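J.: Okay, here's the structure, questions in a sec.
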Amino acid sequence: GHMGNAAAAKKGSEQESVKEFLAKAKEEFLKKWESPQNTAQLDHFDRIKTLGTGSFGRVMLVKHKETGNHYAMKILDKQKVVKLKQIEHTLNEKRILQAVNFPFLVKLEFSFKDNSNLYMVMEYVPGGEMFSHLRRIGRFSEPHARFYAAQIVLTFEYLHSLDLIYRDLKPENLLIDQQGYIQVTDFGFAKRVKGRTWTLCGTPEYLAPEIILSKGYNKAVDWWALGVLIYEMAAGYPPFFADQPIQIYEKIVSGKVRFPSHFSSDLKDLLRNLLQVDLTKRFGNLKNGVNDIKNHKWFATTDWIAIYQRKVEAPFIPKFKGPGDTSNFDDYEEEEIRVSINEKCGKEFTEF
Amino acid sequence: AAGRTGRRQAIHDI
Ligand SMILES: CN(C)c1ccc(C(=O)O)cn1
């Protein structure tokens, strides 16, 4: 076969160790998931700079006044979180983040709320978004893309074992830490799903066909999105690429992907099996689960345990000028945070 | 090869 006797036995033992790890991880997750609040307040922090913006608020670099430690504070305007799924998703995000623990997931430190806003205070990751670095350099070489992809594979193996779907993979949500490893942020679309779920949500370029077609769907949408991410990292642009969302959706559902001439055949083979419309054939969704991905030829040089233990030398280390340095983030319009004298949407956010 | 090159917003519904 492809493996000799010694290589096959080592792989088998490796997969039994994964099972052992995930069983312990599920025990630790459930303890925090069953008993999640109000671990700080706004005036405990100095607000420094906006690091990113969305339709519901912003993420700001903040400095804890007492300790001087820096954090990233996500501020959500409760009155902007108006639509039904916008509300449920915000509760998903907080509850999941307080319960998970993995080396490539951003760590939540505090959460609280006031009359106007919801707040989630996270570890500050000063290396910036993968997105910026990718757009600046153009594309990543296949070994460089593979290093990041392996971290996402392990992170999804972890999340999916807890019945969590992530649902918003893209370079904008992948921060680079001081050692060059990934930290996944923005769990606004993450959800605990034991089988199928039905919300039409995500980012157009990264949506699996079954989402676009209003089909009930499962964790395999994350493996489709991994295919999009790997393609974009290695090409510099995603596989379904058009100016308007409706045009993007048409390309996704077609079942057609073209590859740059510089893609290795191993990479193209992996991507055709991730970007697979037929769910009975999509890698990650078959009887051998995530091992069809981890054992694919394109990952043959990947030491999965060494990636997890962060023993592998990273292809890129961001420059850091010191604590609180924001040089690796883009600039955004600043808007003062106003807290109303009246409580807004108190009942819609009781559990936060 | 015309497509979106800036940051892409996620959509919660529709
Ligand atoms: C741009 N956004 C989503 C950010 C930026 C930075 C961080 C962080 O340092 O933890 C989190 N989210």
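Simple scheme: letters A, B, ... for chains in structure tokens order, numbers from 1 for residues in each chain, numbers from 1 for ligands in the order shown.
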Fewer than 3 positions away in the same chain doesn't count, so skip those; otherwise give me all residues within 10 Å of residue 9 (chain B), counting only C-alpha atoms, as an MDAnalysis selection string.
T.: (chainID A and resid 53:55 172 202:204) or (chainID B and resid 6 12)
J.: Using only C-alpha atoms, which chain A residues lie at most 9 Å away from chain B, written as a PyMOL selection string?
T.: chain A and resi 54-55+83+85-86+89+131+135+168+170+172+189+199-205+237+240-244+248
J.: Store the residues picked out above in a file with N, CA and C atoms, as an mmCIF file, in the first residue's frame.
T.:
```cif
data_model
loop_
_atom_site.group_PDB
_atom_site.id
_atom_site.type_symbol
_atom_site.label_atom_id
_atom_site.label_comp_id
_atom_site.auth_asym_id
_atom_site.auth_seq_id
_atom_site.Cartn_x
_atom_site.Cartn_y
_atom_site.Cartn_z
ATOM 1 N N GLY A 54 -17.638 46.664 11.542
ATOM 2 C CA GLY A 54 -18.696 45.931 10.876
ATOM 3 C C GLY A 54 -20.017 46.668 11.009
ATOM 4 N N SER A 55 -21.112 46.051 10.560
ATOM 5 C CA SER A 55 -22.402 46.734 10.548
ATOM 6 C C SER A 55 -22.981 46.943 11.943
ATOM 7 N N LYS A 83 -32.240 42.416 13.877
ATOM 8 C CA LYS A 83 -32.886 41.277 13.235
ATOM 9 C C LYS A 83 -32.802 40.040 14.125
ATOM 10 N N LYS A 85 -32.079 36.823 13.699
ATOM 11 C CA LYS A 85 -30.873 36.005 13.670
ATOM 12 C C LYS A 85 -29.648 36.798 14.113
ATOM 13 N N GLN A 86 -29.660 38.123 13.958
ATOM 14 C CA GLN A 86 -28.565 38.929 14.496
ATOM 15 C C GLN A 86 -28.488 38.787 16.018
ATOM 16 N N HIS A 89 -27.467 35.083 17.185
ATOM 17 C CA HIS A 89 -26.071 34.866 16.839
ATOM 18 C C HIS A 89 -25.127 35.510 17.844
ATOM 19 N N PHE A 131 -5.708 38.672 6.127
ATOM 20 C CA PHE A 131 -6.212 39.371 4.955
ATOM 21 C C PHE A 131 -5.240 40.435 4.454
ATOM 22 N N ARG A 135 -3.188 40.313 0.896
ATOM 23 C CA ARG A 135 -3.395 41.302 -0.156
ATOM 24 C C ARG A 135 -2.113 42.069 -0.470
ATOM 25 N N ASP A 168 -17.854 31.187 9.333
ATOM 26 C CA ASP A 168 -17.390 32.433 8.713
ATOM 27 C C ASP A 168 -15.883 32.417 8.480
ATOM 28 N N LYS A 170 -12.603 33.000 6.649
ATOM 29 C CA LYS A 170 -12.056 33.880 5.623
ATOM 30 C C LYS A 170 -10.816 34.560 6.189
ATOM 31 N N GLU A 172 -10.037 37.592 6.642
ATOM 32 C CA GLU A 172 -10.359 38.717 7.516
ATOM 33 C C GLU A 172 -10.480 38.294 8.974
ATOM 34 N N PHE A 189 -21.028 33.871 13.854
ATOM 35 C CA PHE A 189 -21.850 32.908 13.133
ATOM 36 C C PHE A 189 -21.694 31.492 13.671
ATOM 37 N N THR A 199 -30.045 28.508 8.987
ATOM 38 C CA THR A 199 -29.907 29.960 8.797
ATOM 39 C C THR A 199 -29.136 30.244 7.524
ATOM 40 N N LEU A 200 -29.596 31.198 6.724
ATOM 41 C CA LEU A 200 -28.837 31.637 5.566
ATOM 42 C C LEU A 200 -27.851 32.678 6.024
ATOM 43 N N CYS A 201 -26.598 32.303 6.275
ATOM 44 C CA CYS A 201 -25.640 33.264 6.793
ATOM 45 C C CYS A 201 -24.232 32.857 6.377
ATOM 46 N N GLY A 202 -23.333 33.848 6.402
ATOM 47 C CA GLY A 202 -21.933 33.710 6.075
ATOM 48 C C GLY A 202 -21.496 34.808 5.130
ATOM 49 N N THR A 203 -20.342 34.604 4.511
ATOM 50 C CA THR A 203 -19.783 35.585 3.595
ATOM 51 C C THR A 203 -19.876 35.036 2.184
ATOM 52 N N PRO A 204 -20.451 35.780 1.218
ATOM 53 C CA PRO A 204 -20.765 35.207 -0.099
ATOM 54 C C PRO A 204 -19.703 34.304 -0.735
ATOM 55 N N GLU A 205 -18.472 34.801 -0.858
ATOM 56 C CA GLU A 205 -17.417 34.026 -1.515
ATOM 57 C C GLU A 205 -17.147 32.684 -0.850
ATOM 58 N N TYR A 237 -6.730 35.109 -4.784
ATOM 59 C CA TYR A 237 -8.118 35.455 -5.010
ATOM 60 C C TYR A 237 -8.907 34.176 -4.822
ATOM 61 N N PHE A 240 -14.498 31.589 -6.548
ATOM 62 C CA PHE A 240 -15.785 32.067 -7.043
ATOM 63 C C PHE A 240 -15.763 33.574 -6.807
ATOM 64 N N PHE A 241 -15.475 34.309 -7.870
ATOM 65 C CA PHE A 241 -14.936 35.666 -7.796
ATOM 66 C C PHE A 241 -15.752 36.509 -8.761
ATOM 67 N N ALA A 242 -16.515 37.466 -8.227
ATOM 68 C CA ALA A 242 -17.353 38.346 -9.040
ATOM 69 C C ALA A 242 -17.720 39.577 -8.222
ATOM 70 N N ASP A 243 -18.142 40.633 -8.923
ATOM 71 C CA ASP A 243 -18.371 41.913 -8.261
ATOM 72 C C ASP A 243 -19.593 41.899 -7.351
ATOM 73 N N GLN A 244 -20.640 41.146 -7.702
ATOM 74 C CA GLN A 244 -21.885 41.182 -6.944
ATOM 75 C C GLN A 244 -22.195 39.825 -6.323
ATOM 76 N N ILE A 248 -21.639 35.758 -7.606
ATOM 77 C CA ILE A 248 -20.845 34.800 -6.845
ATOM 78 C C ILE A 248 -21.648 33.531 -6.602
#
```
J.: Ligand 1: which residues are within 9 Å, counting only C-alpha atoms and all ligand atoms, as a ChimeraX atom specification?
T.: /A:50-54,58-61,71-74,106-108,121-129,172-175,177,183-186,329
J.: Quick one: residues within 7 Å of residue 56 (chain A), only C-alpha atoms, excluding same-chain residues fewer than 4 positions away - as a PyMOL selection string?
T.: chain A and resi 76-77+80-81
J.: Within 10 Å of residue 88 (chain A), counting only C-alpha atoms, which residues show up once you throw out same-chain ones fewer than 4 positions away? Write them as a ChimeraX atom specification, please.
T.: /A:81,83-84,92-93,188-189,191,348-349
J.: What would the file look like if the residues just selected were written as a compact mmCIF listing (two decimals), in the first residue's frame with C-alpha atoms?
T.:
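Heads up, here's the output in selection01.txt:
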```txt
# COMPACT_ATOMS: atom_id res chain seq x y z
CA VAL A 81 -28.47 44.12 16.56
CA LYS A 83 -32.89 41.28 13.24
CA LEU A 84 -33.89 37.99 14.84
CA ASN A 92 -24.09 32.09 20.38
CA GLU A 93 -20.86 34.03 20.05
CA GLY A 188 -20.64 35.71 15.41
CA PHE A 189 -21.85 32.91 13.13
CA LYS A 191 -23.38 27.65 16.55
CA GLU A 348 -33.76 40.75 24.12
CA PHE A 349 -30.27 40.38 25.69
```
J.: Just the number, please: distance in Å from CA of residue 140 (chain A) to CA of residue 261 (chain A), one decimal.
T.: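 Computing the Euclidean distance for CA of residue 140 (chain A) and CA of residue 261 (chain A) yields 14.8 Å.
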J.: Got a sec: who's within 7 Å of region 283-289 of chain A, counting only C-alpha atoms, leaving out chain neighbours fewer than 2 positions off, as a VMD selection string?
T.: chain A and resid 220 223 273 to 274 279 to 281 291 to 293
J.: What separation in Å, quoted to one decimal, exists between CA of residue 150 (chain A) and CA of residue 104 (chain A)?
T.: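 Distance reported for this atom pair: 10.7 Å.
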J.: What residues in region 46-136 of chain A get the DSSP label helix (DSSP H, G or I)? Please answer as a PyMOL selection string.
T.: chain A and resi 84-99+130-136
J.: Considering only C-alpha atoms, state which residue in the set A:39, A:10, A:79, A:166 is at the smallest distance from residue 111 (chain A).
T.: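 The answer is A:39, which sits nearest to residue 111 (chain A).
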J.: Using backbone DSSP assignments, extract all strand (DSSP E or B) residues from region 26-201 of chain A; output them as a PyMOL selection string.
T.: chain A and resi 45-54+57-64+70-77+105+108-113+117-123+129+164-165+174-176+182-184+191-192+197
J.: Given the selection you just returned, output its residues as a file containing N, CA and C atoms, formatted as a compact mmCIF listing (two decimals), in the first residue's frame.
T.:
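Everything below was put into result21.txt:
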```
# COMPACT_ATOMS: atom_id res chain seq x y z
N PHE A 45 -11.36 50.49 31.26
CA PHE A 45 -10.48 50.45 30.10
C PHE A 45 -10.37 51.84 29.47
N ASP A 46 -9.17 52.16 29.00
CA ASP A 46 -8.96 53.28 28.09
C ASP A 46 -9.10 52.78 26.66
N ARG A 47 -9.86 53.51 25.85
CA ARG A 47 -10.04 53.13 24.45
C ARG A 47 -9.01 53.85 23.60
N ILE A 48 -8.29 53.08 22.77
CA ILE A 48 -7.10 53.57 22.08
C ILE A 48 -7.35 53.77 20.59
N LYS A 49 -7.77 52.72 19.89
CA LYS A 49 -7.83 52.78 18.43
C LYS A 49 -8.78 51.72 17.93
N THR A 50 -9.50 52.04 16.85
CA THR A 50 -10.35 51.05 16.20
C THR A 50 -9.50 50.13 15.31
N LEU A 51 -9.65 48.82 15.51
CA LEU A 51 -8.91 47.81 14.76
C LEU A 51 -9.72 47.19 13.63
N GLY A 52 -11.03 47.39 13.62
CA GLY A 52 -11.88 46.83 12.59
C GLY A 52 -13.31 47.26 12.84
N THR A 53 -14.10 47.23 11.77
CA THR A 53 -15.48 47.69 11.84
C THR A 53 -16.40 46.75 11.07
N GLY A 54 -17.64 46.66 11.54
CA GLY A 54 -18.70 45.93 10.88
C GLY A 54 -20.02 46.67 11.01
N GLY A 57 -20.94 47.40 14.90
CA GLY A 57 -20.03 48.05 15.82
C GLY A 57 -18.59 48.00 15.35
N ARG A 58 -17.68 47.77 16.29
CA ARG A 58 -16.27 47.84 15.98
C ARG A 58 -15.51 47.00 16.99
N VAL A 59 -14.25 46.75 16.68
CA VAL A 59 -13.30 46.18 17.62
C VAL A 59 -12.24 47.24 17.87
N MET A 60 -11.96 47.51 19.14
CA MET A 60 -11.02 48.55 19.51
C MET A 60 -9.90 47.97 20.34
N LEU A 61 -8.69 48.45 20.09
CA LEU A 61 -7.63 48.27 21.07
C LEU A 61 -7.99 49.07 22.31
N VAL A 62 -7.94 48.42 23.48
CA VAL A 62 -8.18 49.08 24.75
C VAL A 62 -7.05 48.72 25.69
N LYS A 63 -6.89 49.54 26.73
CA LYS A 63 -5.88 49.31 27.76
C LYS A 63 -6.58 49.25 29.11
N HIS A 64 -6.41 48.13 29.80
CA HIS A 64 -6.94 47.99 31.15
C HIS A 64 -6.22 48.95 32.07
N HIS A 70 -3.12 45.26 27.43
CA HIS A 70 -3.93 45.61 26.28
C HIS A 70 -4.85 44.46 25.91
N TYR A 71 -6.00 44.81 25.34
CA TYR A 71 -7.00 43.84 24.92
C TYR A 71 -7.67 44.39 23.67
N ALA A 72 -8.38 43.51 22.97
CA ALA A 72 -9.27 43.90 21.88
C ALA A 72 -10.70 43.82 22.39
N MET A 73 -11.42 44.94 22.31
CA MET A 73 -12.79 45.03 22.80
C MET A 73 -13.75 45.12 21.62
N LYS A 74 -14.59 44.10 21.47
CA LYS A 74 -15.67 44.14 20.50
C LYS A 74 -16.86 44.84 21.13
N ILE A 75 -17.35 45.90 20.48
CA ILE A 75 -18.47 46.69 20.96
C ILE A 75 -19.61 46.48 19.97
N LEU A 76 -20.74 45.98 20.45
CA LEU A 76 -21.93 45.81 19.64
C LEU A 76 -23.02 46.76 20.13
N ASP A 77 -23.54 47.56 19.21
CA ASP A 77 -24.65 48.46 19.49
C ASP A 77 -25.93 47.63 19.54
N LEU A 105 -7.55 29.60 18.77
CA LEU A 105 -8.78 30.34 18.98
C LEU A 105 -8.50 31.52 19.90
N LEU A 108 -11.30 34.79 25.03
CA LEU A 108 -12.14 35.81 25.63
C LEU A 108 -11.76 36.00 27.09
N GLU A 109 -11.58 37.25 27.50
CA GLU A 109 -11.16 37.60 28.85
C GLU A 109 -12.28 38.17 29.70
N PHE A 110 -13.12 39.04 29.14
CA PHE A 110 -14.24 39.62 29.87
C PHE A 110 -15.42 39.79 28.92
N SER A 111 -16.62 39.83 29.49
CA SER A 111 -17.80 40.23 28.75
C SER A 111 -18.72 40.98 29.71
N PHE A 112 -19.42 41.99 29.19
CA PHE A 112 -20.36 42.76 30.00
C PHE A 112 -21.25 43.55 29.05
N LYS A 113 -22.22 44.26 29.62
CA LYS A 113 -23.15 45.03 28.81
C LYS A 113 -23.57 46.26 29.60
N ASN A 117 -24.84 49.01 24.76
CA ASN A 117 -23.93 48.14 24.02
C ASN A 117 -23.71 46.82 24.73
N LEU A 118 -23.24 45.84 23.94
CA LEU A 118 -22.66 44.60 24.44
C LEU A 118 -21.16 44.67 24.20
N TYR A 119 -20.39 44.08 25.11
CA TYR A 119 -18.93 44.15 25.05
C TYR A 119 -18.32 42.77 25.25
N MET A 120 -17.36 42.42 24.39
CA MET A 120 -16.56 41.22 24.55
C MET A 120 -15.10 41.62 24.46
N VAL A 121 -14.35 41.35 25.52
CA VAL A 121 -12.96 41.78 25.64
C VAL A 121 -12.09 40.55 25.46
N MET A 122 -11.26 40.57 24.42
CA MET A 122 -10.47 39.43 23.99
C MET A 122 -8.98 39.74 24.09
N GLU A 123 -8.17 38.69 24.04
CA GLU A 123 -6.74 38.87 23.87
C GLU A 123 -6.45 39.68 22.61
N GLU A 129 -4.50 41.02 10.60
CA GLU A 129 -5.28 40.05 9.87
C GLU A 129 -4.47 39.38 8.76
N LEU A 164 -19.83 22.12 17.23
CA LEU A 164 -19.81 23.54 16.89
C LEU A 164 -19.45 23.71 15.43
N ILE A 165 -20.26 24.47 14.70
CA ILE A 165 -19.93 24.89 13.34
C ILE A 165 -19.49 26.35 13.41
N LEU A 174 -8.79 35.77 10.52
CA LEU A 174 -7.62 34.99 10.94
C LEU A 174 -6.51 35.96 11.30
N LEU A 175 -6.21 36.08 12.58
CA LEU A 175 -5.19 36.99 13.05
C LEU A 175 -3.88 36.24 13.21
N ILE A 176 -2.78 36.95 13.00
CA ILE A 176 -1.45 36.35 13.10
C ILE A 176 -0.82 36.80 14.41
N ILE A 182 -1.84 31.28 13.77
CA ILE A 182 -3.18 31.84 13.58
C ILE A 182 -3.96 31.88 14.88
N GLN A 183 -4.75 32.93 15.02
CA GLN A 183 -5.80 33.03 16.02
C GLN A 183 -7.12 33.33 15.31
N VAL A 184 -8.07 32.41 15.38
CA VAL A 184 -9.39 32.62 14.78
C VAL A 184 -10.20 33.54 15.68
N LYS A 191 -22.16 28.20 15.98
CA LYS A 191 -23.38 27.65 16.55
C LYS A 191 -23.19 26.19 16.94
N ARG A 192 -23.81 25.79 18.04
CA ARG A 192 -23.87 24.38 18.40
C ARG A 192 -25.01 23.71 17.63
N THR A 197 -28.78 22.63 10.41
CA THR A 197 -29.26 23.96 10.76
C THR A 197 -29.65 24.65 9.46
```
J.: Just to confirm, what's the straight-line distance from CA of residue 95 (chain A) to CA of residue 29 (chain A) in Å (one decimal)?
T.: 10.9 Å
J.: Name the residues in contact with residue 313 (chain A) at a cut-off of 10 Å, using only C-alpha atoms, excluding same-chain residues fewer than 3 positions from it; report them as a PyMOL selection string.
T.: chain A and resi 147+179-181+306-307+310+316-317
